[PDB]
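So the structure is just underneath, and the comments pick up after that.
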Protein chains: 2
Amino acid sequence: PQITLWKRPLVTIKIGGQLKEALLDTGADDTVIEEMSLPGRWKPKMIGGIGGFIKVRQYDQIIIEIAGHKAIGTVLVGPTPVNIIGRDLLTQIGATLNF
Amino acid sequence: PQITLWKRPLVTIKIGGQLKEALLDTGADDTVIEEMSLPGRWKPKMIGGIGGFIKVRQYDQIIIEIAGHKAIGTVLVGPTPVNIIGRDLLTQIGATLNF
Ligand SMILES: COc1ccc(S(=O)(=O)N(C[C@H]2CCC(=O)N2)C[C@@H](O)[C@H](Cc2ccccc2)NC(=O)O[C@@H]2C[C@@H]3CCO[C@@H]3C2)cc1
Ligand SMILES: [Cl-]
Ligand SMILES: [Cl-]
Ligand code: NA
């Protein structure tokens with residue numbers, strides 16, 4: 001698809017067996033999801049942006065289905081105000097910005 | 001152009017006759033620039049990012065070039081870690097997300 005940007009580019013994702021709504025975000029290095037359980041090992045991380053930093057749990061090699069496309073990558077889990085699909089997974093589905 | 005996302009989608013902008021670097025950010029509703037001087041009056045705005053809410057100065061109808069494309073519109077000035085071009089101005093330069 002071609003997604004215009006008149007509105008927030010929200011898509012449905014499946015992660016950890018759960019459906020969630022998430023923002024396709026070229027300005028995010030990594031994927032950041034609201035509190036949820038994920039399997040396997042993790043390590044703490046601090047990520048920052050407008051308003052400062054939050055503490056997240058970094059899970060690697062997590063499978064996500066993004067608007068019908070499967071991808072594997074890093075997911076950060078923490079108190080994010082919106083679920084964000086970042087560049088680490090956008091690349092895997094071949095997403096580009098065009099103008 | 002067609003911009004892949006393996007690295008940050010940074011472009012050159014021109015505002016106030018000055019060249020600056022900015023991030024093309026589909027996850028940003030608004031355009032937010034680091035502290036600079038702009039003409040005219042400003043109005044207050046609060047925006048909420050990953051770490052919480054901040055106060056910014058809103059300047060309207062500002063001429064800005066983005067990657068060689070002219071836009072005219074609202075610019076928020078405040079303590080952002082990086083200059084971000086949000087959907088307000090991405091729509092003006094005809095940007096879309098594609099996969
Ligand atoms: C390491 O991975 C990440 C680190 C930080 C972020 S972020 O959410 O802080 N952010 C990074 C951007 C902003 C600074 C920078 O260098 N890159 C992703 C953004 O797209 C973010 C994504 C976002 C975070 C929180 C709420 C809504 C969207 N949007 C955002 O801050 O937009 C600002 C806030 C206002 C709300 C929406 O638009 C308005 C303008 C995401 C993943
Ligand atoms: Cl960060
Ligand atoms: Cl590619
Ligand atoms: Na893992």
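Identifiers in this document derive from the order of the structure tokens: chains are assigned A, B, ..., residues are numbered from 1 separately in each chain, and ligands are numbered from 1 in order of occurrence.
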Cut-off 10 Å, only C-alpha atoms and all ligand atoms, neighbours of ligand 2 as an mmCIF file with N, CA, C and O atoms, in the first residue's frame:
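Now in pocket-v8.cif:
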```cif
data_model
loop_
_atom_site.group_PDB
_atom_site.id
_atom_site.type_symbol
_atom_site.label_atom_id
_atom_site.label_comp_id
_atom_site.auth_asym_id
_atom_site.auth_seq_id
_atom_site.Cartn_x
_atom_site.Cartn_y
_atom_site.Cartn_z
ATOM 1 N N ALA A 28 11.341 6.930 14.598
ATOM 2 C CA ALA A 28 11.674 6.038 15.697
ATOM 3 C C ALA A 28 12.721 5.020 15.262
ATOM 4 O O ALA A 28 12.530 4.281 14.279
ATOM 5 N N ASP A 29 13.836 4.950 16.009
ATOM 6 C CA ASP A 29 14.840 3.950 15.664
ATOM 7 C C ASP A 29 14.313 2.523 15.856
ATOM 8 O O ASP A 29 14.552 1.614 15.036
ATOM 9 N N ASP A 30 13.632 2.301 16.958
ATOM 10 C CA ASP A 30 13.147 1.012 17.387
ATOM 11 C C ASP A 30 11.628 1.017 17.575
ATOM 12 O O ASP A 30 11.042 2.099 17.702
ATOM 13 N N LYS A 45 16.842 -0.716 29.185
ATOM 14 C CA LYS A 45 17.304 0.324 28.294
ATOM 15 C C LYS A 45 16.597 1.616 28.658
ATOM 16 O O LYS A 45 15.459 1.543 29.158
ATOM 17 N N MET A 46 17.248 2.731 28.374
ATOM 18 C CA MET A 46 16.613 4.051 28.462
ATOM 19 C C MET A 46 16.501 4.643 27.063
ATOM 20 O O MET A 46 17.509 4.660 26.336
ATOM 21 N N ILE A 47 15.318 5.111 26.685
ATOM 22 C CA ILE A 47 15.123 5.757 25.378
ATOM 23 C C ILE A 47 14.504 7.128 25.650
ATOM 24 O O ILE A 47 13.771 7.338 26.603
ATOM 25 N N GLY A 48 14.899 8.040 24.753
ATOM 26 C CA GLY A 48 14.575 9.440 24.951
ATOM 27 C C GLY A 48 14.030 10.102 23.720
ATOM 28 O O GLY A 48 14.263 9.723 22.577
ATOM 29 N N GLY A 49 13.250 11.145 23.927
ATOM 30 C CA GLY A 49 12.676 11.955 22.898
ATOM 31 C C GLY A 49 12.098 13.219 23.528
ATOM 32 O O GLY A 49 12.632 13.684 24.530
ATOM 33 N N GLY A 52 11.827 13.911 27.349
ATOM 34 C CA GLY A 52 12.847 13.180 28.111
ATOM 35 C C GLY A 52 12.860 11.677 27.869
ATOM 36 O O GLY A 52 12.465 11.210 26.818
ATOM 37 N N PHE A 53 13.328 10.889 28.830
ATOM 38 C CA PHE A 53 13.559 9.460 28.751
ATOM 39 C C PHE A 53 12.545 8.630 29.526
ATOM 40 O O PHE A 53 12.002 9.107 30.545
ATOM 41 N N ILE A 54 12.324 7.430 29.025
ATOM 42 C CA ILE A 54 11.632 6.361 29.762
ATOM 43 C C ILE A 54 12.494 5.097 29.796
ATOM 44 O O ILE A 54 13.310 4.879 28.893
ATOM 45 N N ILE B 50 7.494 10.944 23.926
ATOM 46 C CA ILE B 50 7.776 9.684 24.614
ATOM 47 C C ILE B 50 8.000 9.891 26.107
ATOM 48 O O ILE B 50 7.632 9.068 26.935
ATOM 49 N N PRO B 81 15.164 16.938 20.915
ATOM 50 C CA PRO B 81 16.515 16.428 20.749
ATOM 51 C C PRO B 81 17.082 16.618 19.344
ATOM 52 O O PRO B 81 18.312 16.651 19.264
#
```
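The interface of chain A with chain B at 6 Å, considering only C-alpha atoms, consists of residues 1, 2, 3, 4, 5, 25, 26, 27, 49, 50, 51, 52, 53, 54, 80, 87, 91, 94, 95, 96, 97, 98 and 99 of chain A.
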What does the file look like for those residues with C-alpha atoms, as a tab-separated table (two decimals), in the first residue's frame?
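Generated output (part.tsv):
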```
chain	number	residue	atom	x	y	z
A	1	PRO	CA	0.00	0.00	0.00
A	2	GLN	CA	0.53	3.72	-0.32
A	3	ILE	CA	-0.33	5.52	2.90
A	4	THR	CA	-0.98	9.24	2.92
A	5	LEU	CA	-0.20	11.28	5.97
A	25	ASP	CA	7.02	5.86	12.59
A	26	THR	CA	10.02	6.80	10.47
A	27	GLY	CA	11.29	8.99	13.29
A	49	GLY	CA	12.68	11.95	22.90
A	50	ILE	CA	10.48	14.93	23.46
A	51	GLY	CA	9.75	15.22	27.16
A	52	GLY	CA	12.85	13.18	28.11
A	53	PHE	CA	13.56	9.46	28.75
A	54	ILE	CA	11.63	6.36	29.76
A	80	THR	CA	4.98	4.58	25.91
A	87	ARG	CA	12.75	1.68	11.55
A	91	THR	CA	12.94	-1.93	6.92
A	94	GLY	CA	10.29	-2.78	2.71
A	95	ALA	CA	8.76	0.50	3.88
A	96	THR	CA	9.92	3.69	2.21
A	97	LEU	CA	9.15	7.40	2.35
A	98	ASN	CA	8.38	8.83	-1.09
A	99	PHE	CA	8.03	12.37	-2.37
```
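The two atoms in question, atom CA of residue 72 of chain B and atom 42 (C, counted along the ligand's line) of ligand 1, are spaced 27.8 Å apart.
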Best match for closeness to ligand 4 among A:64, A:59, A:12, A:77, counting only C-alpha atoms and all ligand atoms: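 Once distances to ligand 4 are computed over only C-alpha atoms and all ligand atoms, the minimum belongs to A:59.
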Mind the document's chain letters and residue numbers, and return as a PyMOL selection string the residues of segment 53-93 of chain B that DSSP labels strand (DSSP E). chain B and resi 53-66+69-77+84-85
So, with only C-alpha atoms and all ligand atoms as the atoms that count, which of A:18, A:74, A:61, A:37 lies closest to ligand 1?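 With only C-alpha atoms and all ligand atoms as the atom set, the closest residue is A:74.
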Using 10 Å as the limit and counting only C-alpha atoms and all ligand atoms, can you tabulate each residue of chain A that touches ligand 4, with its shortest atom-to-atom distance in Å and the two atoms involved, as a tab-separated table?
```
residue	atom	partner	partner_atom_place_in_ligand_line	distance
A:38	CA	ligand 4	1 (Na)	8.5
A:39	CA	ligand 4	1 (Na)	7.0
A:40	CA	ligand 4	1 (Na)	5.1
A:41	CA	ligand 4	1 (Na)	5.4
A:42	CA	ligand 4	1 (Na)	6.8
A:43	CA	ligand 4	1 (Na)	9.9
A:58	CA	ligand 4	1 (Na)	8.6
A:59	CA	ligand 4	1 (Na)	5.0
A:60	CA	ligand 4	1 (Na)	4.0
A:61	CA	ligand 4	1 (Na)	4.7
A:62	CA	ligand 4	1 (Na)	6.0
A:63	CA	ligand 4	1 (Na)	9.5
A:73	CA	ligand 4	1 (Na)	8.8
A:74	CA	ligand 4	1 (Na)	8.0
A:75	CA	ligand 4	1 (Na)	9.1
```
Expected answer as a ChimeraX atom specification: alpha helix (DSSP H) residues in chain B: /B:87-92
Those residues you just picked out, can you put them in a file as a PDB file, in the first residue's frame with C-alpha atoms?
```pdb
ATOM      1  CA  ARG B  87       2.983  15.152   9.056  1.00  0.00           C
ATOM      2  CA  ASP B  88       1.769  18.760   8.762  1.00  0.00           C
ATOM      3  CA  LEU B  89       4.691  19.579   6.454  1.00  0.00           C
ATOM      4  CA  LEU B  90       5.259  16.094   5.031  1.00  0.00           C
ATOM      5  CA  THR B  91       1.775  16.384   3.473  1.00  0.00           C
ATOM      6  CA  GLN B  92       2.749  19.746   1.935  1.00  0.00           C
TER       7      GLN B  92
END
```
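Residue nearest ligand 1 within the list A:66, A:11, A:22, A:36: A:22 [criterion: smallest interatomic distance, only C-alpha atoms and all ligand atoms].
Separating atom CA of residue 34 of chain A from atom 34 (C, counted along the ligand's line) of ligand 1 is a distance of 16.6 Å.
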Atom CA of residue 65 of chain A to atom CA of residue 14 of chain A measures 5.0 Å
Which one of B:44, B:57, B:19, B:76 sits closest to ligand 1 if you count only C-alpha atoms and all ligand atoms? B:76
